[PDB]
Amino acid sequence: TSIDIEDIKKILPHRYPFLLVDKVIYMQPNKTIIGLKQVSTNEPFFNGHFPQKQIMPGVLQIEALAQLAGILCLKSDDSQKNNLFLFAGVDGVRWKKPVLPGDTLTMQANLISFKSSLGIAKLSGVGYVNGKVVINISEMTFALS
């Protein structure tokens, strides 16, 4: 069930300058989510990372997947009417290639386990630019309090 940005803002509480999901292109509740982040020079972090060379900070690639993963969780089960999800842990992150201004960051997050009893969700994540892997995440752990 594809998606436009206004509806993302209804699901996630993130705003500027920390909303890092531009569009959700495919979603299957309780299973997988595919979305994208457009990487433009006209973004506030770029001036600091770095003046002489513009490279999207790896941590913000984590944040982007984590937000996409967080959308999946909130659509998969919103019985807990709390959209404030906090990152509890992340594991096995590997950055292969620099993400640069001009790139389309295509992202996929996959739900591993949900314990709606605690609020404990675990997800994996991969990000691509031009079909080539730029970031891998073995395991994102989330906790809505």
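Throughout, we count residues from 1 along the sequence that is shown. Only the largest set of C-alpha atoms that superpose within 1.5 Å between the two forms is called the rigid core.
S.K.: Name the stretch that deviates more in 6 other deposited structures of this protein: 14-22, or 120-128? Use RMS CA distance to the shown form, core superposed.
M.R.: Higher root mean square deviation of C-alphas in 6 other deposited structures of this protein is shown by 14-22.
S.K.: After superposing on the rigid core, which of 84-92 and 65-73 has its C-alpha atoms sitting farther from this form in 6 other deposited structures of this protein?
M.R.: Between the two stretches, 84-92 moves farther in 6 other deposited structures of this protein.
S.K.: Would you say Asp78 is missing from a third or more of the other compared entries?
M.R.: Yes, left without coordinates in at least a third.
S.K.: Would you mind checking whether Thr106 is unresolved in the model of at least a third of the other PDB entries compared?
M.R.: That residue is present in all of the other compared entries.
S.K.: Looking only at CA atoms, which has the higher mean B factor in the entry: 120-128 or 9-17?
M.R.: The deposited B-factors put 120-128 ahead on the C-alpha mean.
S.K.: Out of 76-84 and 55-63, which one has CA B-factors that are higher on average in the deposited record?
M.R.: Of 55-63 and 76-84, the stretch with the higher C-alpha B-factor average is 76-84.
S.K.: Of the choices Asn47, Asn110, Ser40, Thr104, which one's C-alpha carries the largest B-factor in the record?
M.R.: Reading the PDB entry, the winner on C-alpha B-factor is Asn110.
S.K.: Based on the entry's values, in what third of the chain does the Cα temperature factor of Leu100 lie: lowest, middle or highest?
M.R.: Its C-alpha B-factor, which the entry lists for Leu100, ranks in the lowest third among residues of this chain.
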